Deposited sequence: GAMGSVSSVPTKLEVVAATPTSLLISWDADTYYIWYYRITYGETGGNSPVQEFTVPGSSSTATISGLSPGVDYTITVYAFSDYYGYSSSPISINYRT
């Protein structure tokens, strides 16, 4: 359901992701982010379905991260993932 995941604003320690989806039918999202590869740990937090942006902070400068978005719907979704280096 969610598509077009991009980093629309970025600082060396914080990011702002955005995606396109039919937010009217989406209950909430699960945002996961962590260092790419090597079985690195990941952190999770929830975002209400009405919005289409999320803020990730506390990141390390110059690290390739993996950001995945899990859309969940209650009225009626495969996740999307990208990579960004701060």
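Gaps without C-alpha coordinates occur at 1-8, 85-87, with positions taken along the deposited sequence from 1.
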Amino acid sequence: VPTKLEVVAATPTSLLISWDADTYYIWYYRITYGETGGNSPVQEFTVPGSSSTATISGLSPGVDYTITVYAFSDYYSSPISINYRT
From here on, numbers count along this sequence of modelled residues.
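Mean CA B-factor, 46-54 versus 30-38: the higher value falls on 30-38. Per the deposited record, the Cα B-factor of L16 falls in the lowest third when ranked against the other modelled residues of its chain.
Per-chain ranking of the deposited C-alpha B factor places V8 in the lowest third.
For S73, the recorded CA B-factor ranks within the lowest third of the chain. Only modelled residues enter the ranking.
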